[PDB]
Amino acid sequence: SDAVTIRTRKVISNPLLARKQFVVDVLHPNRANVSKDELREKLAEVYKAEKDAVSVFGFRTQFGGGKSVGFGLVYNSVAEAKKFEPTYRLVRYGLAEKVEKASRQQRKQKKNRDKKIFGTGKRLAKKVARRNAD
Amino acid sequence: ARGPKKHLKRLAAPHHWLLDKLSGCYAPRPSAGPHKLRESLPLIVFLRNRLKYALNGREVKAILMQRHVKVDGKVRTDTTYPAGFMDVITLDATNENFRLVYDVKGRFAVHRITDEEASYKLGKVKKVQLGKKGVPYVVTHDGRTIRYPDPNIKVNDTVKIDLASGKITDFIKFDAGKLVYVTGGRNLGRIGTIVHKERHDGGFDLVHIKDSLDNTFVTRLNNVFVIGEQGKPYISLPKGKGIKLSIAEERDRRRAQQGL
Amino acid sequence: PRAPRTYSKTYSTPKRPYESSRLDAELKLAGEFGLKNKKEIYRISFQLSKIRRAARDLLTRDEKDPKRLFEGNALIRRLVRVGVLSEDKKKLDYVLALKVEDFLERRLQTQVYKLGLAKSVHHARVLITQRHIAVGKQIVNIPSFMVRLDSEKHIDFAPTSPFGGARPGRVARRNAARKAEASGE
Amino acid sequence: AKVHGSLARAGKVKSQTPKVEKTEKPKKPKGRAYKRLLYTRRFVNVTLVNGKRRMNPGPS
Amino acid sequence: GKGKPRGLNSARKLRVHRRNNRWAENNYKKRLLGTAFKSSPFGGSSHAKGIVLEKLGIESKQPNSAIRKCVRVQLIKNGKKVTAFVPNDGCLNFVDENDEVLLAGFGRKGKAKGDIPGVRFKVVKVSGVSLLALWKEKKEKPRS
Amino acid sequence: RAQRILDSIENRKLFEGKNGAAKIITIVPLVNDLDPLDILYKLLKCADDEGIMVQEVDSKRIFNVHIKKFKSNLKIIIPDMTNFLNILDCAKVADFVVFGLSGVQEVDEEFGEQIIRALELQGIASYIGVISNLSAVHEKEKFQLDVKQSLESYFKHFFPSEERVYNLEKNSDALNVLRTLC
RNA sequence: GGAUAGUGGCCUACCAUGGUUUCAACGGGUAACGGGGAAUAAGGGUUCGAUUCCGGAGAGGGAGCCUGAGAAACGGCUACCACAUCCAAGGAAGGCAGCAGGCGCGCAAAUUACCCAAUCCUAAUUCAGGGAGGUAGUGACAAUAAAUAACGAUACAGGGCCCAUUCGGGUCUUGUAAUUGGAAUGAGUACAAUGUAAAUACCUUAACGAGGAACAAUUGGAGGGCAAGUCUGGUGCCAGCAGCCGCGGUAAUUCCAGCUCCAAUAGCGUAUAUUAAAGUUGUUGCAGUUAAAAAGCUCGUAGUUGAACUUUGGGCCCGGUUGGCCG
């Protein structure tokens, strides 16, 4: 990089979520955008927690380059990071595994196929398997 | 139209909440509570929009459910719980206690109170009657009924309440020379030492008020809340002291004073 | 459905469309101040129309009145900070006497020419919309900028974007490499 | 008529012909520079006979 | 005393005189009689659309004596049969009988482009293919 | 409004049912390419039926295909590309003329355009445009659509009652083709 | 008295004869859901408001009802009417004016997409759910900003004019310069990164990307109104053209083209409606001898309007502002 010098401005110590939240001001002369992964090194090193205690997001770069402003998070423990932070961010940080639920309308069609059967329904498949098997 | 409303669209939110016009269609509708809807303030608006302790409403649920936070010594985990005027919001984050009180500008403020003052709230009597088995009881402005009051207390006085219990310590008679906090009305949040009162048998009994700069004004009696004797507040007034200004001296202060 | 985004158009079309004075008198402005459409004049007529309306209502009000003093002083002061109005004419009787060459004096397109190193007033505009010039820490690529008279001591070429440094660009790359280096095989 | 042509492609090789349509006059410089070219006609130079001018004259 | 009663409690007769005298303009009679919805074959619409019955030609007013080549449209939404003008020269060969023309008026609220005795609508689009563009040879007209 | 709806149904006794009904459809490739069998292949994937059993390599060229999903029965014709008069005498009977186009090879100036003009001057009942190349995507991951502007834009110049040219390489696009036929 | 959650002709019984009205009842019409608003901007108005918020009403048409705190609930039921679906013919089943789609209709309106990440809502509930809502697609409805080129050299004509010893070169600007040179770029593409629920896009940025036919701007006009052509040829009521006045029975200022010019400019043009212009709706503000208009005259109710007159002046301090040599 080229002398990034992250500034972490508007710091609020937030105990009831157990975190420090703040706005991340990133200079970056002569280079492009600054790539969250690199930031979570470069500010866990100054918040002295750990990489995976740190969440960072936003960062719309300034017009005509050279500055980017985003919003940051650093927790106390990585456990209490993982209990409060949204599940999509932990997917971004590797701290979770994206669970494969199906497509939305496909799930819905399964949901409306359950209103048409009362009970456990295994009796019904124990009925069709004799009434249409003869 | 078939029963009550569950929703409340933005644009129909009370304006002192200071929500944004964008970001979503709906605003939190306060649940039924101690306070009226229109002049309440929910906890969600109190946290994420005033204190900025949270960003999302989901974060607010995560705050309230872990219990962390309590109105009037009681935990109150509901998100749209309508906290209102002269209420004491207690957090365990660094022993912060908030008293919801109004401003010059007529908005609820972040007004931090010290913990000894966070014990008690005040409450305007709205009625005094006789309950079943002939028991007298007062009704404060926010629902708190109280059994067996001192019979000197009658309507439109105020009452200091313990909040460890429902016990009253002290009361203030509604009279001239007493400080008045104006809740509701055009003149919301001005503190000004009654001149006198008009009767108007038949409704809407006006009240004359004269603040510390002789800006005499009048509100209706329903927007009156006495908070003590002359210069003697029973609560911690916010920065402003009920000393609403011109627009002309706010360009004295707000761009002439703080500047270099 | 969420709140309607409010919006309002700027320019104001002229009422008589072929008027031999106006058609010619506008085009002198188009010449010296380097504007691409007559619309860019009309926008200035509209801004001036709102300052002349707001000033014209306040003159129906009296002196020592808080609305005229407040809204008046805010009007005037806002026009002083953009350098449209000069300094001695802080009266509000004068803000009716403004005209279009005072707003068009303060476009950044002309502030770069009048400032220096943009030789022309067309070369200045090309310097704007081609990302070269800046105001400060910020680059501006939009001509109609209204430089606010404190920022006059800050207009310069950008840190990036040559004329300002660190690179030659595209065309000097193709010359200095793909011709001058192309002499090497 | 026949449109498809080399508007199939966005653009790679449209019409590889250095054949003159006109002789450096097939194009008016449009937009901001066309009001440069009109300020330099309608105010820099040209008149017919005395001030009351025909701006599109009879060629003579 | 200049006709009308200027008395301070005489507002009623003012506004009732006025309501009697607004039925003097043409346009205010058009609005409140609902004439745009009863007569006037475009049923209160700018345009309409119709089937061409046949192609005609004119012998119009003096001095301009000629054959101006109008057509006969029957509208769809009414079943009314109204004559129609075809614009820029040629373009009678673009339409045929039993085609789908889109109509619009001339620009006078009806009557004429000029000498034309009783033709009020011009044709804008045949078969959806826009007579301006056909006349300038920018599209083509398929048959039907 | 009931007389008009009554005539609107009395129009549609002829085309509706498994009994007393048939549509006539012609698939014309405006390139030499494509071998328009596959147009019917792409277009009958969206029947979800056993009408893909007909259209084998067995050459029939007129198909009495019923579709279950729209209760319509079609007479799909493909004429030969050699006999030009077969093409002009096909759509001289037809009800729809589905035009193939190509992403790869341009529309033939001397043959394909003459097909569009000549059908277009003898009288077309109705007409639908189709892009059917896989190389509508396979050439172009270069923001794949833009050939759609060339073929819509090209395709309007003959008959501008057509807004868009349908792709048969996506699902509901092909479905709308099938609906519109049915 | 009944009935109602409750006042009440809400309903029954008995009794009385009242209640509204030209200060316009009642009846008819409304291409009439009502407001907050919108358009037009001297003032005063006129026209619109189905449509993001509030309030009402309806879920094919009427009626009835269950359950519940709350429904006369229709993504509840019952019947009838009108439609219409499967049927083995015995029966069974339904209401998109939710979302996306169709079909008709029309002058006139997009995707059978992605997701609960925001916004908020519901439940036994931080977790589940939500076509409420959001994201993308389509989208020239409307808005905002604004690319289609900037600069040099040489040479010819200048307008200046450098010091006016100027009779030195051109201080400095115009054109035509195919005479030339580099120099700067985005539209576009693209490794990446940010963006995002995941994506597309934007803001960033490696690599690549002007030279003219290129990375080619239209739409309207060129008699007057209304600014720009009688210039060059064609045509001779011959079609044309023309909102209005008209141009052309032939040396076309208007038709047809070619140049050239104008106006607006990623927009422009037409239809229809409406506002302005309109002091052609008139309260401000019209007109009535002769141009449209004074009723054939008088009485006369409602309406509208209606003479004057009833402690005035003088003292007397208090008493805030403005203005000042006083500063």
# chains A, B, ... in the order shown; residues from 1 in each chain; ligands from 1
>>> interface_residues(of="chain A", to="chain B", cutoff="10 Å", atoms="only C-alpha atoms", output="list in words")
residues 12, 13, 14, 15, 16, 17, 18, 19, 20, 21, 83, 84, 85 and 86 of chain A
>>> write_last_selection(atoms="C-alpha atoms", output="PDB file, in the first residue's frame")
ATOM      1  CA  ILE A  12     -18.399   5.213  21.136  1.00  0.00           C
ATOM      2  CA  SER A  13     -17.664   2.696  23.850  1.00  0.00           C
ATOM      3  CA  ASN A  14     -20.711   0.469  23.860  1.00  0.00           C
ATOM      4  CA  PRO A  15     -20.763  -1.896  26.792  1.00  0.00           C
ATOM      5  CA  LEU A  16     -24.219  -3.350  26.437  1.00  0.00           C
ATOM      6  CA  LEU A  17     -23.218  -4.809  23.134  1.00  0.00           C
ATOM      7  CA  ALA A  18     -19.650  -5.172  24.410  1.00  0.00           C
ATOM      8  CA  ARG A  19     -17.929  -3.311  21.615  1.00  0.00           C
ATOM      9  CA  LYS A  20     -16.289  -0.171  20.434  1.00  0.00           C
ATOM     10  CA  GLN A  21     -18.021   1.322  17.430  1.00  0.00           C
ATOM     11  CA  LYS A  83     -23.172 -13.871  19.294  1.00  0.00           C
ATOM     12  CA  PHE A  84     -24.112 -10.324  18.274  1.00  0.00           C
ATOM     13  CA  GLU A  85     -22.825  -9.793  14.787  1.00  0.00           C
ATOM     14  CA  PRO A  86     -25.117 -10.591  11.849  1.00  0.00           C
TER      15      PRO A  86
END
>>> interface_residues(of="chain G", to="chain C", cutoff="8 Å", atoms="only C-alpha atoms (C1' of nucleotides)", output="PyMOL selection string")
chain G and resi 52+143-146+150-151+183-186+226-227+265
>>> closest_atom_pairs(of="chain A", to="chain C", cutoff="10 Å", atoms="only C-alpha atoms", output="JSON lines")
{"residue": "A:29", "atom": "CA", "partner": "C:160", "partner_atom": "CA", "distance": 8.6}
{"residue": "A:30", "atom": "CA", "partner": "C:160", "partner_atom": "CA", "distance": 7.5}
{"residue": "A:62", "atom": "CA", "partner": "C:138", "partner_atom": "CA", "distance": 8.6}
{"residue": "A:63", "atom": "CA", "partner": "C:139", "partner_atom": "CA", "distance": 7.3}
{"residue": "A:64", "atom": "CA", "partner": "C:139", "partner_atom": "CA", "distance": 6.0}
{"residue": "A:65", "atom": "CA", "partner": "C:139", "partner_atom": "CA", "distance": 8.7}
{"residue": "A:66", "atom": "CA", "partner": "C:160", "partner_atom": "CA", "distance": 8.9}
{"residue": "A:67", "atom": "CA", "partner": "C:137", "partner_atom": "CA", "distance": 9.5}
>>> write_last_selection(atoms="N, CA and C atoms", output="PDB file, in the first residue's frame")
ATOM      1  N   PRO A  29      -3.502   7.592  -0.562  1.00  0.00           N
ATOM      2  CA  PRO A  29      -2.978   8.221  -1.739  1.00  0.00           C
ATOM      3  C   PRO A  29      -2.363   7.194  -2.695  1.00  0.00           C
ATOM      4  N   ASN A  30      -2.517   7.479  -3.990  1.00  0.00           N
ATOM      5  CA  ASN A  30      -1.814   6.802  -5.080  1.00  0.00           C
ATOM      6  C   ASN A  30      -2.104   5.338  -5.229  1.00  0.00           C
ATOM      7  N   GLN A  62     -14.236   8.162  -1.641  1.00  0.00           N
ATOM      8  CA  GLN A  62     -14.563   9.532  -1.978  1.00  0.00           C
ATOM      9  C   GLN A  62     -14.546   9.702  -3.498  1.00  0.00           C
ATOM     10  N   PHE A  63     -15.234  10.695  -3.986  1.00  0.00           N
ATOM     11  CA  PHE A  63     -15.164  11.021  -5.404  1.00  0.00           C
ATOM     12  C   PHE A  63     -13.756  11.433  -5.753  1.00  0.00           C
ATOM     13  N   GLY A  64     -13.309  10.892  -6.878  1.00  0.00           N
ATOM     14  CA  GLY A  64     -12.004  11.085  -7.391  1.00  0.00           C
ATOM     15  C   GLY A  64     -10.904  10.493  -6.559  1.00  0.00           C
ATOM     16  N   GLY A  65     -11.241   9.490  -5.769  1.00  0.00           N
ATOM     17  CA  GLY A  65     -10.228   8.687  -5.104  1.00  0.00           C
ATOM     18  C   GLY A  65      -9.505   9.397  -3.968  1.00  0.00           C
ATOM     19  N   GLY A  66      -8.749   8.577  -3.270  1.00  0.00           N
ATOM     20  CA  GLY A  66      -7.842   9.094  -2.294  1.00  0.00           C
ATOM     21  C   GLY A  66      -8.362   9.168  -0.897  1.00  0.00           C
ATOM     22  N   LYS A  67      -9.570   8.698  -0.675  1.00  0.00           N
ATOM     23  CA  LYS A  67     -10.147   8.737   0.668  1.00  0.00           C
ATOM     24  C   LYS A  67     -11.325   7.803   0.662  1.00  0.00           C
TER      25      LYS A  67
END
>>> select_by_dssp(residues="chain F", states="helix (DSSP H, G or I)", output="VMD selection string")
chain F and resid 2 to 11 37 to 43 45 to 47 84 to 90 112 to 122 135 to 138 144 to 156 171 to 181
>>> write_last_selection(atoms="C-alpha atoms", output="PDB file, in the first residue's frame")
ATOM      1  CA  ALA F   2     -71.855  -7.585 -22.980  1.00  0.00           C
ATOM      2  CA  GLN F   3     -72.423  -7.563 -26.752  1.00  0.00           C
ATOM      3  CA  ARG F   4     -68.761  -6.921 -27.313  1.00  0.00           C
ATOM      4  CA  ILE F   5     -67.644  -9.650 -24.893  1.00  0.00           C
ATOM      5  CA  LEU F   6     -70.159 -11.898 -26.523  1.00  0.00           C
ATOM      6  CA  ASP F   7     -68.608 -11.261 -29.927  1.00  0.00           C
ATOM      7  CA  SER F   8     -65.153 -11.642 -28.397  1.00  0.00           C
ATOM      8  CA  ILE F   9     -66.083 -15.161 -27.340  1.00  0.00           C
ATOM      9  CA  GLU F  10     -67.862 -15.791 -30.651  1.00  0.00           C
ATOM     10  CA  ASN F  11     -64.562 -14.933 -32.328  1.00  0.00           C
ATOM     11  CA  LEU F  37     -35.692 -28.058 -36.169  1.00  0.00           C
ATOM     12  CA  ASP F  38     -33.905 -26.810 -33.081  1.00  0.00           C
ATOM     13  CA  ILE F  39     -36.176 -23.765 -32.909  1.00  0.00           C
ATOM     14  CA  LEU F  40     -38.995 -26.168 -32.358  1.00  0.00           C
ATOM     15  CA  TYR F  41     -36.739 -28.028 -29.916  1.00  0.00           C
ATOM     16  CA  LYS F  42     -36.081 -24.958 -27.796  1.00  0.00           C
ATOM     17  CA  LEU F  43     -39.693 -23.870 -28.180  1.00  0.00           C
ATOM     18  CA  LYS F  45     -39.110 -27.662 -24.010  1.00  0.00           C
ATOM     19  CA  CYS F  46     -41.676 -25.384 -22.387  1.00  0.00           C
ATOM     20  CA  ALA F  47     -44.636 -27.648 -23.150  1.00  0.00           C
ATOM     21  CA  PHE F  84     -38.054 -19.478 -52.102  1.00  0.00           C
ATOM     22  CA  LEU F  85     -41.589 -19.940 -53.431  1.00  0.00           C
ATOM     23  CA  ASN F  86     -42.208 -22.591 -50.805  1.00  0.00           C
ATOM     24  CA  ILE F  87     -41.420 -19.902 -48.218  1.00  0.00           C
ATOM     25  CA  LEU F  88     -43.699 -17.330 -49.775  1.00  0.00           C
ATOM     26  CA  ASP F  89     -46.485 -19.806 -50.248  1.00  0.00           C
ATOM     27  CA  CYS F  90     -46.172 -21.050 -46.686  1.00  0.00           C
ATOM     28  CA  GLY F 112     -32.969 -13.309 -45.761  1.00  0.00           C
ATOM     29  CA  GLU F 113     -33.913  -9.674 -46.129  1.00  0.00           C
ATOM     30  CA  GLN F 114     -35.793 -10.572 -49.271  1.00  0.00           C
ATOM     31  CA  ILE F 115     -37.739 -13.087 -47.222  1.00  0.00           C
ATOM     32  CA  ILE F 116     -38.730 -10.418 -44.707  1.00  0.00           C
ATOM     33  CA  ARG F 117     -39.694  -7.900 -47.393  1.00  0.00           C
ATOM     34  CA  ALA F 118     -41.548 -10.356 -49.563  1.00  0.00           C
ATOM     35  CA  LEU F 119     -43.572 -11.956 -46.790  1.00  0.00           C
ATOM     36  CA  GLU F 120     -44.066  -8.425 -45.507  1.00  0.00           C
ATOM     37  CA  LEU F 121     -45.587  -7.287 -48.786  1.00  0.00           C
ATOM     38  CA  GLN F 122     -47.721 -10.271 -49.505  1.00  0.00           C
ATOM     39  CA  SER F 135     -23.584 -17.917 -28.727  1.00  0.00           C
ATOM     40  CA  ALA F 136     -25.993 -15.169 -27.707  1.00  0.00           C
ATOM     41  CA  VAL F 137     -24.274 -16.048 -24.425  1.00  0.00           C
ATOM     42  CA  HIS F 138     -21.254 -18.151 -25.476  1.00  0.00           C
ATOM     43  CA  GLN F 144     -24.381 -10.561 -23.250  1.00  0.00           C
ATOM     44  CA  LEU F 145     -27.487  -8.580 -24.112  1.00  0.00           C
ATOM     45  CA  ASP F 146     -26.222  -5.900 -26.593  1.00  0.00           C
ATOM     46  CA  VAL F 147     -26.833  -8.082 -29.614  1.00  0.00           C
ATOM     47  CA  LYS F 148     -30.476  -7.887 -28.473  1.00  0.00           C
ATOM     48  CA  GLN F 149     -30.411  -4.185 -29.302  1.00  0.00           C
ATOM     49  CA  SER F 150     -28.997  -4.979 -32.692  1.00  0.00           C
ATOM     50  CA  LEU F 151     -31.663  -7.539 -33.476  1.00  0.00           C
ATOM     51  CA  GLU F 152     -34.556  -5.723 -31.921  1.00  0.00           C
ATOM     52  CA  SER F 153     -33.291  -2.571 -33.613  1.00  0.00           C
ATOM     53  CA  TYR F 154     -32.754  -4.387 -36.839  1.00  0.00           C
ATOM     54  CA  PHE F 155     -36.032  -6.197 -36.515  1.00  0.00           C
ATOM     55  CA  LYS F 156     -38.168  -3.077 -35.993  1.00  0.00           C
ATOM     56  CA  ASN F 171     -37.379 -20.260 -19.637  1.00  0.00           C
ATOM     57  CA  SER F 172     -40.210 -17.745 -19.324  1.00  0.00           C
ATOM     58  CA  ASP F 173     -39.082 -16.008 -22.468  1.00  0.00           C
ATOM     59  CA  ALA F 174     -39.740 -19.250 -24.355  1.00  0.00           C
ATOM     60  CA  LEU F 175     -42.949 -19.663 -22.398  1.00  0.00           C
ATOM     61  CA  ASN F 176     -44.230 -16.307 -23.642  1.00  0.00           C
ATOM     62  CA  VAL F 177     -43.457 -17.445 -27.130  1.00  0.00           C
ATOM     63  CA  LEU F 178     -45.477 -20.569 -26.568  1.00  0.00           C
ATOM     64  CA  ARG F 179     -48.363 -18.631 -24.939  1.00  0.00           C
ATOM     65  CA  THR F 180     -48.399 -16.154 -27.760  1.00  0.00           C
ATOM     66  CA  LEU F 181     -48.606 -18.968 -30.289  1.00  0.00           C
TER      67      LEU F 181
END
>>> interface_residues(of="chain D", to="chain C", cutoff="6 Å", atoms="only C-alpha atoms", output="count of residues only")
3
>>> interface_residues(of="chain G", to="chain A", cutoff="7 Å", atoms="only C-alpha atoms (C1' of nucleotides)", output="ChimeraX atom specification")
/G:193-194,203-205
>>> write_last_selection(atoms="C-alpha atoms (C1' of nucleotides)", output="PDB file, in the first residue's frame")
ATOM      1  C1'   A G 193     -11.037  -4.015  -4.236  1.00  0.00           C
ATOM      2  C1'   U G 194     -15.331  -1.581  -2.061  1.00  0.00           C
ATOM      3  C1'   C G 203     -17.757   6.009  -6.020  1.00  0.00           C
ATOM      4  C1'   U G 204     -12.107   3.983  -6.515  1.00  0.00           C
ATOM      5  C1'   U G 205      -8.229   1.815  -9.857  1.00  0.00           C
TER       6        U G 205
END
>>> select_by_dssp(residues="chain A", states="strand (DSSP E)", output="VMD selection string")
chain A and resid 6 to 14 19 to 27 54 to 61 67 to 75
>>> write_last_selection(atoms="N, CA, C and O atoms", output="CSV table (one decimal), in the first residue's frame")
chain,number,residue,atom,x,y,z
A,6,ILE,N,-5.0,4.6,8.7
A,6,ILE,CA,-6.4,4.5,9.1
A,6,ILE,C,-6.6,5.4,10.3
A,6,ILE,O,-5.8,5.5,11.2
A,7,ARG,N,-7.7,6.2,10.2
A,7,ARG,CA,-8.2,7.0,11.3
A,7,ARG,C,-9.5,6.4,11.8
A,7,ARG,O,-10.4,6.1,10.9
A,8,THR,N,-9.7,6.3,13.1
A,8,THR,CA,-10.9,5.7,13.6
A,8,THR,C,-11.7,6.7,14.4
A,8,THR,O,-11.3,6.9,15.6
A,9,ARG,N,-12.6,7.4,13.8
A,9,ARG,CA,-13.2,8.6,14.3
A,9,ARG,C,-14.6,8.3,14.8
A,9,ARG,O,-15.2,7.4,14.4
A,10,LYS,N,-15.1,9.2,15.7
A,10,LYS,CA,-16.5,9.0,16.4
A,10,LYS,C,-16.6,7.7,17.1
A,10,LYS,O,-17.4,6.9,16.8
A,11,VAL,N,-15.7,7.5,18.0
A,11,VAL,CA,-15.6,6.3,18.8
A,11,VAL,C,-16.7,6.4,19.9
A,11,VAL,O,-16.8,7.4,20.6
A,12,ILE,N,-17.5,5.4,20.0
A,12,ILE,CA,-18.4,5.2,21.1
A,12,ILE,C,-18.1,3.9,21.8
A,12,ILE,O,-18.3,2.9,21.1
A,13,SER,N,-17.8,3.9,23.0
A,13,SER,CA,-17.7,2.7,23.8
A,13,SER,C,-19.0,2.2,24.2
A,13,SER,O,-19.7,2.9,24.9
A,14,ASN,N,-19.4,1.0,23.8
A,14,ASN,CA,-20.7,0.5,23.9
A,14,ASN,C,-20.6,-0.8,24.7
A,14,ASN,O,-20.4,-1.9,24.1
A,19,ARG,N,-18.7,-3.7,22.8
A,19,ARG,CA,-17.9,-3.3,21.6
A,19,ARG,C,-17.6,-1.9,21.6
A,19,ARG,O,-18.2,-1.1,22.3
A,20,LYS,N,-16.6,-1.5,20.8
A,20,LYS,CA,-16.3,-0.2,20.4
A,20,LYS,C,-16.8,0.0,19.0
A,20,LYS,O,-16.4,-0.7,18.1
A,21,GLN,N,-17.6,1.0,18.8
A,21,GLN,CA,-18.0,1.3,17.4
A,21,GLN,C,-17.6,2.7,17.1
A,21,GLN,O,-17.5,3.6,17.9
A,22,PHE,N,-17.3,2.9,15.8
A,22,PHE,CA,-16.5,4.0,15.3
A,22,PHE,C,-16.5,4.1,13.8
A,22,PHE,O,-16.9,3.1,13.1
A,23,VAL,N,-16.2,5.2,13.3
A,23,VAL,CA,-16.2,5.5,11.9
A,23,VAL,C,-14.8,5.5,11.3
A,23,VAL,O,-14.0,6.2,11.8
A,24,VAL,N,-14.6,4.7,10.3
A,24,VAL,CA,-13.3,4.4,9.8
A,24,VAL,C,-13.0,5.3,8.6
A,24,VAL,O,-13.6,5.3,7.6
A,25,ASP,N,-12.0,6.2,8.8
A,25,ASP,CA,-11.5,7.1,7.9
A,25,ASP,C,-10.2,6.6,7.3
A,25,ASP,O,-9.2,6.6,8.0
A,26,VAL,N,-10.2,6.3,6.0
A,26,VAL,CA,-9.1,5.7,5.4
A,26,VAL,C,-8.5,6.6,4.3
A,26,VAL,O,-9.2,6.8,3.3
A,27,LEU,N,-7.4,7.2,4.5
A,27,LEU,CA,-6.6,7.8,3.5
A,27,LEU,C,-5.9,6.6,2.7
A,27,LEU,O,-5.6,5.6,3.2
A,54,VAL,N,-13.0,-8.2,14.9
A,54,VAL,CA,-13.2,-7.0,14.2
A,54,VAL,C,-14.1,-7.2,13.0
A,54,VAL,O,-13.9,-8.0,12.2
A,55,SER,N,-15.1,-6.3,12.9
A,55,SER,CA,-16.0,-6.2,11.8
A,55,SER,C,-15.9,-4.8,11.2
A,55,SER,O,-15.8,-3.8,11.9
A,56,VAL,N,-15.9,-4.8,9.9
A,56,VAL,CA,-15.8,-3.5,9.2
A,56,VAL,C,-16.6,-3.5,7.9
A,56,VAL,O,-16.7,-4.6,7.3
A,57,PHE,N,-17.3,-2.4,7.6
A,57,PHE,CA,-18.2,-2.4,6.4
A,57,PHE,C,-18.6,-0.9,6.0
A,57,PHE,O,-18.1,0.0,6.7
A,58,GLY,N,-19.4,-0.8,4.9
A,58,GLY,CA,-19.6,0.5,4.3
A,58,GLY,C,-18.4,0.8,3.3
A,58,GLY,O,-18.2,0.0,2.4
A,59,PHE,N,-17.6,1.9,3.6
A,59,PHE,CA,-16.5,2.3,2.7
A,59,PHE,C,-17.0,2.6,1.3
A,59,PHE,O,-16.7,1.9,0.3
A,60,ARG,N,-17.7,3.6,1.1
A,60,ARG,CA,-17.8,4.3,-0.2
A,60,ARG,C,-16.6,5.2,-0.3
A,60,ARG,O,-16.5,6.0,0.5
A,61,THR,N,-15.8,5.0,-1.3
A,61,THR,CA,-14.7,5.8,-1.5
A,61,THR,C,-15.1,7.2,-1.9
A,61,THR,O,-16.1,7.4,-2.5
A,67,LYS,N,-9.6,8.7,-0.7
A,67,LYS,CA,-10.1,8.7,0.7
A,67,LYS,C,-11.3,7.8,0.7
A,67,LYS,O,-12.1,7.7,-0.3
A,68,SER,N,-11.5,7.1,1.7
A,68,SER,CA,-12.6,6.2,1.9
A,68,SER,C,-13.1,6.2,3.3
A,68,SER,O,-12.2,6.2,4.2
A,69,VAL,N,-14.4,6.3,3.5
A,69,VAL,CA,-15.0,6.4,4.8
A,69,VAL,C,-15.9,5.3,5.0
A,69,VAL,O,-16.8,5.1,4.2
A,70,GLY,N,-15.7,4.5,6.0
A,70,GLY,CA,-16.6,3.4,6.4
A,70,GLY,C,-16.9,3.4,7.9
A,70,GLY,O,-16.4,4.3,8.7
A,71,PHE,N,-17.6,2.3,8.3
A,71,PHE,CA,-18.0,2.2,9.7
A,71,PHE,C,-17.4,0.9,10.3
A,71,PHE,O,-17.4,-0.1,9.5
A,72,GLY,N,-16.9,0.9,11.5
A,72,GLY,CA,-16.1,-0.2,12.0
A,72,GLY,C,-16.7,-0.7,13.3
A,72,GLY,O,-17.4,-0.1,14.0
A,73,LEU,N,-16.3,-1.9,13.6
A,73,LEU,CA,-16.6,-2.6,14.9
A,73,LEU,C,-15.5,-3.4,15.4
A,73,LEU,O,-14.8,-4.1,14.7
A,74,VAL,N,-15.3,-3.4,16.7
A,74,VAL,CA,-14.4,-4.3,17.4
A,74,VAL,C,-15.0,-4.7,18.7
A,74,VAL,O,-15.5,-3.8,19.4
A,75,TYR,N,-15.0,-6.0,18.9
A,75,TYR,CA,-15.6,-6.5,20.1
A,75,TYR,C,-14.6,-6.8,21.2
A,75,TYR,O,-13.4,-6.7,21.0
>>> interface_residues(of="chain G", to="chain B", cutoff="7 Å", atoms="only C-alpha atoms (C1' of nucleotides)", output="PyMOL selection string")
chain G and resi 53+70-71+119-121+126
>>> closest_residue(among="C:50, C:178, C:81, C:91", to="residue 69 in chain C", atoms="only C-alpha atoms")
C:91
>>> residues_around(residues="range 112-117 of chain E", least_positions_apart="3", cutoff="9 Å", atoms="only C-alpha atoms (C1' of nucleotides)", output="list in words")
residues 58, 59, 60, 61, 62, 63, 64, 65, 68, 106, 107, 108, 109, 120 and 121 of chain E; 242 and 243 of chain G
>>> interface_residues(of="chain E", to="chain D", cutoff="8 Å", atoms="only C-alpha atoms", output="list in words")
residues 137, 138 and 139 of chain E
>>> residues_around(residues="residue 33 in chain B", least_positions_apart="6", cutoff="12 Å", atoms="only C-alpha atoms (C1' of nucleotides)", output="PyMOL selection string")
chain B and resi 39-42+76+78+80-84+141-144
